[PDB]
Amino acid sequence: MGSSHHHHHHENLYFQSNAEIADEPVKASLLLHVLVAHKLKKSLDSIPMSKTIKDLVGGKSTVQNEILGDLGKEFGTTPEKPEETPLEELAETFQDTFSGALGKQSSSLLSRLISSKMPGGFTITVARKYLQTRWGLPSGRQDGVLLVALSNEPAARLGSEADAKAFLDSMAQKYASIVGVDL
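Read left to right, the sequence shown gives residues 120 to 302 (PDB author numbering).
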């Protein structure tokens with residue numbers, strides 16, 4: 120529009136509404152999902168919560184016995200008959216005692232992605248160096264994005280690991296679809 124224009128007879132009130140994501144911690148509904156998915160080399164899109172540890176592996180006795188100890192490290196304990204409790208109900212039991220932040224397995228398995236199929240030139244320290252300004256993510260939300268990064272595990276999606284920092288821009292949205300937040 121031209122300078123010193125009349126701006127028409129139109130008018131409006133000052134300012135407008137705004138919103139931001141809550142600082143709510145991670146839920147066991149995501150941590151349980153990734154710890155089983157990564158053990159079965161499956162994605163969260165192929166792990167139905169409506170099933171059990173014994174039904175997910177097809178009744179295999181070994182993996183069923185390994186997963187029985189994998190949640191005990193990440194939740195400090197496990198409920199009764201967990202190998203007969205589906206993940207859609209087990210997660211509802213795990214959040215009753217979860218610390219709201221990653222366990223020792225779901226924080227150490229994150230660096231294995233960087234050596235499983237990822238290229239070279241990038242690190243896990245520079246992957247968590249910033250998120251509260253790259254996407255505005257609050258401190259309680261950043262702990263769930265790395266869980267979804269471990270379940271994505273691309274076999275080939277980057278020609279250089281210097282571009283893997285731009286790959287974290289996707290993961291922020293992958294997690295938002297799970298909790299229903301906006302970006």
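Here a beta-carbon is modelled for each residue, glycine too, at the ideal position from N, C-alpha and C.
Can you tell me where the alpha helix (DSSP H) holding residue i begins and where it ends?
i	result
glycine 188	180-194
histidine 124	Here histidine 124 belongs to no alpha helix (DSSP H), and DSSP marks it neither H nor E.
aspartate 174	172-175
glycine 278	No alpha helix (DSSP H) contains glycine 278, which DSSP labels as neither H nor E.
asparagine 271	261-271
By the three-class DSSP mapping on this structure, what secondary structure does residue i have?
i	result
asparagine 131	coil
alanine 283	helix
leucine 250	coil
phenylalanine 213	helix
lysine 160	coil
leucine 256	coil
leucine 221	coil
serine 230	helix
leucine 302	coil
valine 145	coil
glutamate 207	helix
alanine 295	helix
Is it buried or exposed for residue i, if we count other Cβ within 10 angstroms and need 16 for buried?
i	result
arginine 253	exposed
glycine 299	exposed
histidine 124	exposed
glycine 222	buried
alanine 246	buried
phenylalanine 194	buried
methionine 120	exposed
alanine 147	buried
- Query: Just checking, does the segment 213-227 make contact with the segment 148-164 on the three C-beta pairs under 8 Å criterion?
  - Reply: yes
- Message: Can you confirm whether the segment 199-209 touches the segment 156-165 when touching is taken to mean that 3 or more C-beta pairs between the two stretches lie within less than 8 Å?
- Response: no
- Can we say the segment 223-239 touches the segment 249-269, given the rule of at least three CB pairs closer than 8 Å? yes
- the segment 170-185 / the segment 273-287 touching (three or more Cβ pairs under 8 Å): no
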